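Commentary on secondary and tertiary structure
Listed here are the chains, written in short residue letters.
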Amino acid sequence: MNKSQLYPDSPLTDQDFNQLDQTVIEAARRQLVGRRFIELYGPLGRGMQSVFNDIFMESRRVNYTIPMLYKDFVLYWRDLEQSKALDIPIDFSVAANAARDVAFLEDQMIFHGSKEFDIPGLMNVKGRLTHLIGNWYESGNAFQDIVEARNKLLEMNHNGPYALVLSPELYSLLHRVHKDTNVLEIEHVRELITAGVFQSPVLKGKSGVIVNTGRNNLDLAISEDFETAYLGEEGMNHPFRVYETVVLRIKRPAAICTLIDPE
Amino acid sequence: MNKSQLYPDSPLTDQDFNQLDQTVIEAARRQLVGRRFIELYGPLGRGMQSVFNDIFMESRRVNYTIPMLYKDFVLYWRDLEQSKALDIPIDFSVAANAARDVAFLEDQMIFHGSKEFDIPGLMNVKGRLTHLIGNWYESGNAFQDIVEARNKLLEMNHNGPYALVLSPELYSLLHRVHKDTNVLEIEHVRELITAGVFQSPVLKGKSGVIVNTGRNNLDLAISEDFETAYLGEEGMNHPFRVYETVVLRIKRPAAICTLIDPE
Amino acid sequence: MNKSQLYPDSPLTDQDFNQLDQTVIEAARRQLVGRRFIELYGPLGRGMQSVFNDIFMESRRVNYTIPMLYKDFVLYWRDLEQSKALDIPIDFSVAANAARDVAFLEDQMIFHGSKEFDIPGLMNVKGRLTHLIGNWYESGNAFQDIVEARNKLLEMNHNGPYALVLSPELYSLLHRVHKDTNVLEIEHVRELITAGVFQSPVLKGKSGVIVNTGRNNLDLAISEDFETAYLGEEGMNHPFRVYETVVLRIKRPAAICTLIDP
Amino acid sequence: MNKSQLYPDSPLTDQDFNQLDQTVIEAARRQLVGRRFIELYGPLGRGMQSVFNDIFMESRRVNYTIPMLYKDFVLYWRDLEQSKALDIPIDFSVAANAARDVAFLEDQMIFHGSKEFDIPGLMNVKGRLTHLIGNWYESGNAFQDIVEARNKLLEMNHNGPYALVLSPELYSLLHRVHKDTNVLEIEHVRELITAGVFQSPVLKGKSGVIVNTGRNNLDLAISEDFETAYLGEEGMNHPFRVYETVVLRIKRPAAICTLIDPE
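Residues numbered from 1 in each chain as written, not as in the entry; some residues may be left out. Chains lettered and ligands numbered in written order. Part of a larger assembly, values for the part shown. Heavy atoms only, no water.

1. A closer look at the packing of aromatic side chains
Applying the stated criterion across every chain, the model contains 27 aromatic pairs over all chains. Ring geometry for A:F17 and A:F240: centres 6.2 Å apart, planes at 70°, overall edge-to-face. One exposure class covers both A:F17 and A:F240, and it is buried. Judged by centre distance (5.8 Å) and plane angle (20°), the ring pair of C:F37 and C:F198 falls under stacked. (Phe/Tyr/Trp six-rings, centres within 6.5 Å; stacked < 30°, edge-to-face > 60°. Buried < 20%, exposed > 50% of the residue type's maximum accessible area, 1.4 Å probe, protein only.)

Written out as structure tokens, the structure is:
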């Protein structure tokens, strides 16, 4: 399936359109936090507009509608025509920005869920464990809270490997320089969490989540990965659409222990 | 030996059945702690239902019956039929869970032995050294206990390399952040134990074990590795069986110094 | 394409499966009432485990999971061997009982919905029109209450053809003679409702429904019709299963008028 | 385009001229700080003497004239003639010095802009965030100032990855050895800034800048990379010119949070 012949009126050729995909894929890759520890359920394809989920509580089956996440960018015709005249590889700076916004949309949908499509997220799924953090500003408390949260996961027949995602404010507190001591608390934490410790701008305030990275616990249902579309001429310009269809499936919500600030 | 023709009625083809083995093998690999420091005695094959062991005490020979460790999972026919209709690579999420449970079964059999089959484990073999740990919550005690346990192994003509396996509670105490100091006690410990320091959920409470990793000291007798079986149609579904036949052989029990909490 | 190769371990030959299929299908046809006035959207195939419904209320898209309705019957090996030895056709009576039960399940799901998957029925869908009927024992009331119900559908921009399904008690009451015309009320109703007046045991008491026939109004989305699948042989006996996967989509809820006893 | 036939009177042959480019390219590479975290807008070529910039403020378009940055060096004819007589690969020590000066010129133009050509730099662009640092000589203040500067970038929909460039005086203070503690403050800082922490001699006094490394935020418009030219015989010698044409484009100035000493 060549995308040049799919959009016969597209101003981009085969070479020009592949670089657009590379710009979109790379820009999204740098910002996707959920994909770093959640496996993909393959390219389900255009023939699947809804995927099934088997929730196990420690086996209810539910239907999830795969949602669209998209953002549009416009490539000016004057800039495009100049590029072909001079034979230069075209500027896709806006495409990277559009791909980043879609990548942020996926992370927001992964961690907080689709309210309108009724899809639970990591931080609000039903049946997950909950741990109340202490004052992470103090030494040892952050590691102690992770251990207690990990202990809650352990008493569920969930031996790991775990992945911990924290808000930027909690992430900074983990790496902060203490006064009395000189302990890098991420070094102690990263030994217990082997799948990786990440920060996500989606999480707000003081919040975090520990997830078992097994494919059996949760995965990402992908009907169409990050793809670039042509919307046709509009005002002589060339608006495009970076879209993706993905729904998070949480088969075993008990493998999630969200850390929440007691306020 | 192609597994598609071995089960002529199996719904999975050659390609579909290989991905099942990959899912089972990888999921087991992530959870097998004993295999990380215990060598395998090859594929003994189906012709050996019992393996001999020569115990040396510092040469009694005993017969060990190779036990079966298995767990069953069911692939729904509706999900399978949909996968072939859409030509998608089939979901083996349950297979990973079944393989993980078998992997946990092997680790429980390796460390605690088969009570019914009369096979000693690492933590209850006859003739091994025993060390009583102190308060690992204090700085330096955990390293001191390992040194004393290692010294006991040294005064047996057992120069290493050693492997230390600890319970999750002891593993956390090793990596904990101390108040007065900022010592990462795993860094001091990991220098003496070169074959690796692992944690196993099988060990409960405050317990651990130091094992010489030599093939002459102990090994794993494998008659059949992690293999996936088809049990035939049952209620129009497709139940499978992830089974493995393995017995731990401890040729020199004196190469084991189990750490036990004095309670 | 014969079921003998589909189930090599089955004890039935090509002809025996064929006789099994007619036994199941014929018993289903004699009991299926909803299929008489509702078009069939399919067979979609095994690749459709859930269908999409676009509700045009008088637009909202709802995802419906296709339910699987089944019933199990067992053929005894001694009976099959005895019939085979004596050159007597196999007795598939239990198959008809299983097929009849599944046919009732489909009719029950069509009319009263399926609470397990939250699929609405003819008498349960939101947005339908409700008509409070009177005492049909008295003359003239039976025909008039249908006229007002049809007028309700006419006011909602639905001009037929209509299909009327009544409870078995109410269907008999429609056989009375008209007070003035001296003609049975059923022929007056049949001229107003040209898609047929049916009866169904699923409706109890004074109940009924008027449905505007048409694919754009409502249809049956099936992925597999009445099919007999041979389960594994257990205990030397042969258990079977008559199953089907059907879901009812009501695209225009306002095209359904329900007669409700006050 | 062979450079030997481009300058028919050049004393260097094809082999002799390629080593000149390698000396210039490598010497420039060791000193270019801006190129370590700013992407290039390809070889725009000689047909583009001015490049367009679309400034987004959180979309004004401006025209930037691509400037020339060059430095001249002289290869003595006596040294050149001796090299060919003995068949030795010629000394290009001066060429490395000339390339280094041009590389310093680019970094000065990237961080402080072209005053005469009216091109804003990283440290004086219009619409960028500004943070006032504290006493970096004290422990924790340097990390705290980076976090606050990063927090300012975060409240602009700028999630990273960030690149921090500091003056040599600030760079030394970051790596300094404290009295009361033994904290290496670069280790804490380098976790938040993933694209890298660099020092630039261009920045004077106590100054720094945090830049989002996205191609959409800023990039380097290159009309001609580091190229070596022959200026013809002058006094029987061979003067050359190491020139490059490059202009920095800041599409989103809000992605820049310059750290400035309150004096």
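2. Considering the sheet that holds strand β4 (residues 68-75) of chain D
Residues and elements named next belong to chain D. Sheet architecture is open: 4 strands sit in the order β1-β9-β10-β4, paired in mixed fashion. Since the sheet does not close on itself, it has two edges, and those belong to β1 (40-43) and β4, each with one partner. On average, each strand axis in the sheet is inclined to that of its neighbour by 20°, with strand direction left out of account. Here β1 pairs with strand β9 (residues 218-230) via 2 bridges, running parallel. Bridging from a neighbouring strand, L40 pairs with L220 of β9. Along the sheet, helix α4 (residues 93-112) contacts β4, β9 and β10 (238-250); its crossing angle with β4, the most-contacted strand, is approximately 165°. (Pairing = 2+ DSSP bridges. Helix = DSSP H or I, 4+ residues; strand = E, 2+ residues; numbered from the N terminus. Axes fitted to C-alpha atoms, helices over the stretch in contact; angles between N-to-C directions. Contact = heavy atoms within 4.5 Å.)

3. Some remarks on the interface of chain A and chain B
Contact with chain A, which involves 29 residues of that partner, is made by 27 residues of chain B. Summing both partners gives a buried area of about 2400 Å² for chain A against chain B, and 50% of it is carried by carbon and sulfur. Ranking the residues of chain A by area buried against chain B places A:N159, A:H188 and A:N216 at the top, with a combined share of 22%. For the pair chain A and chain B, the interface holds 4 salt bridges. If you look at where chain A meets chain B, you find 9 residue pairs in polar contact. Of all elements in the fold, only β1 (40-43), α5 (141-154) and α7 (185-192) of chain A reach the threshold of two or more residues within the side of chain A that touches chain B. (Buried area = accessible area lost by both parts, 1.4 Å probe. Salt bridge = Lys/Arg side-chain N within 4 Å of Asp/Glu carboxyl O. Polar contact = N/O pair within 3.5 Å; in protein donor to acceptor, adjacent residues only side chain to side chain.)

4. Overview of the arrangement of the chains
Take the 4 pairs of chains in contact: the one carrying the most contacts is chains A and B. Between chain B and chain D there is no contact; the minimum C-alpha to C-alpha separation amounts to 11 Å. Left apart from each other, chain C and chain D have a closest C-alpha approach of 34 Å.

5. So, the environment of A:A221
All names here are of chain A. Structurally, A221 can be placed in strand β9 (residues 218-230). The exposure class assigned to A221 is buried, which follows from its relative accessible area of 0%. Considering only alpha carbons, one finds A221 and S114, 107 residues apart in sequence, at a separation of 14 Å. For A221, the contacting residues outside a window of four places in its chain are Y41, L44, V51, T245, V246, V247 and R249.

6. Describing empty space enclosed by the protein
Summary: where empty space remains is shown by rolling a probe the size of a single water molecule over the atoms. Approximately 80 Å³ is the volume attributed to the largest cavity. Along its surface, the largest cavity is lined by B:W77, B:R78, B:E81, C:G45, C:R46, C:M48, C:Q49, C:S223, C:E224 and C:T245. Residue composition of the lining of the largest cavity, by class: 2 nonpolar, 4 polar and 4 charged. (1 Å grid on protein atoms, 1.4 Å probe; cavity = no way out; pocket = protein on both sides within 12 Å on 5 of 7 lines; lining within 4 Å. Points joined across faces, edges and corners; volume = space filled by probe spheres on them. Nonpolar A, V, L, I, M, F, W, Y, C, P; charged D, E, K, R; others polar.)

7. A look at the relation of the copies chain A and chain B
Between the two copies, chain A and chain B, the superposition gives an RMSD of 0.0 Å; the rotation angle is 72° and the shift along the axis is 0.0 Å. What the superposition gives is, in effect, a five-fold axis relating one chain to the other. Closest approach to the rotation axis among the C-alpha atoms of chain A is made by A:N182, whose C-alpha sits 5.9 Å away. When the interface residues of chain A are mapped onto chain B, a mere 7% of them again lie at the interface, so each copy presents a different face. (Least-squares fit on C-alpha atoms.)

8. Topic: the packing of α5(A) against α7(A)
Residues and elements named next belong to chain A. Packing of α5 against α7 leaves a shortest axis separation of 9 Å and a crossing angle of 10°. With respect to their mutual orientation, α5 and α7 come out roughly parallel. Judged by the sense of rotation from one axis to the other, the crossing of α5 with α7 is right-handed. Each of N141, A142, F143, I146, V147 and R150 in α5 lies in contact with α7, whose residues at this interface are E185, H188, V189 and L192. Tallied by class, the residues present in the contact of α5 with α7 amount to 6 nonpolar, 2 polar and 2 charged. (Parallel < 35°, antiparallel > 145°, perpendicular 65-115°, else oblique. Left-handed = near helix turned anticlockwise from the far one by under 90°.)

9. As for the side chain of C:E185
Residues and elements named next belong to chain C. Residue placement: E185 occurs in helix α8 (residues 185-192). An unpaired buried charge is present at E185: no salt bridge exists, and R176, the closest side chain of opposite charge, is 5.0 Å distant. Polar side-chain contacts of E185 include one of 2.9 Å to the backbone nitrogen of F143. Those residues in contact with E185 that lie beyond four places of it in its chain are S139, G140, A142, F143, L174, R176, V177 and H178. (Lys, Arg positive; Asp, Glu negative; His and termini not counted.)

10. A word on the nonpolar core
Ranked by size, the top nonpolar core spans 75 residues in total, and within it A:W136, B:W136 and D:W136 carry the most contacts. Sort the elements by how many residues they give to this core and α5(A) lands first, with 7 residues. If we ignore the near neighbours within four places in the chain, the residues touching A:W136 are A:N141, A:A142, A:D145, A:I146, A:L166, A:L170, A:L173, A:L174 and A:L259. Grouped together as the second largest cluster of nonpolar side chains are 51 residues, C:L20, C:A103, C:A163 and C:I250 included. (Core = buried A, V, L, I, M, F, W, Y, C linked by side-chain atoms within 4.5 Å.)

11. Topic: unusual backbone geometry
All names here are of chain B. Of the consecutive residues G160 and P161, the connecting peptide bond is found in the cis state with omega at 0°. Inspection of the secondary structure puts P161 in the loop between α5 (141-154) and β6 (162-166). A positive phi angle is found at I90, which is not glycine, with a value near 70°. Looking at the element boundaries, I90 is found in the loop between α3 (77-86) and α4 (93-112).

12. Side note on α5(B)
Residues and elements named next belong to chain B. The end-to-end C-alpha distance of α5, which contains 14 residues, comes to 19 Å, matching closely the 20 Å that a straight helix rising 1.5 Å per residue would cover. Every buried residue belonging to α5 is among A142, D145, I146, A149 and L153, and all of these are buried. Down the axis, α5 shows its buried residues gathered within 100° of arc, on one side only. Those residues of α5 that are buried are in contact with β5 (129-132), β6, α6 (168-175), α7 (185-192), β8 (207-212) and β11 (256-260). (Expected span 1.5 Å × (residues − 1). Arc of directions from axis to C-beta.)

13. Here we look at the pattern of salt bridges
Applying the stated criterion across every chain, the model contains 68 salt bridges over all chains. With its nearest N and O atoms 3.4 Å apart, the salt bridge here joins A:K84 to A:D16. Look at A:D16 and you get buried, because its relative accessible area is 14%. Note that A:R35 and A:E244 form a salt bridge whose closest N and O atoms lie 3.1 Å from each other. One continuous salt-bridge network, built from bridges that share partners, spans A:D91, D:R215, D:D219, D:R249 and D:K251.

14. A word on the sheet that holds strand β10 (residues 238-250) of chain A
Sheets are built from strands that pair by backbone hydrogen bonding, the pairs being arranged parallel or antiparallel. Residues and elements named next belong to chain A. Pairing is mixed in the open sheet, where 4 strands are placed in the order β1-β9-β10-β4. What marks the edges here is a single partner per strand, and that holds for β1 and β4 (68-75). With strand direction ignored, the average angle separating the axes of adjacent strands in the sheet is 20°. Where β9 lies against β10, 10 bridges are found, and the strand directions are antiparallel. Along β10, the bridge assignment pairs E224 with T245. Helix α2 (residues 14-31) rests against β4, β9 and β10 of the sheet, and its axis sits at about 145° to β9.

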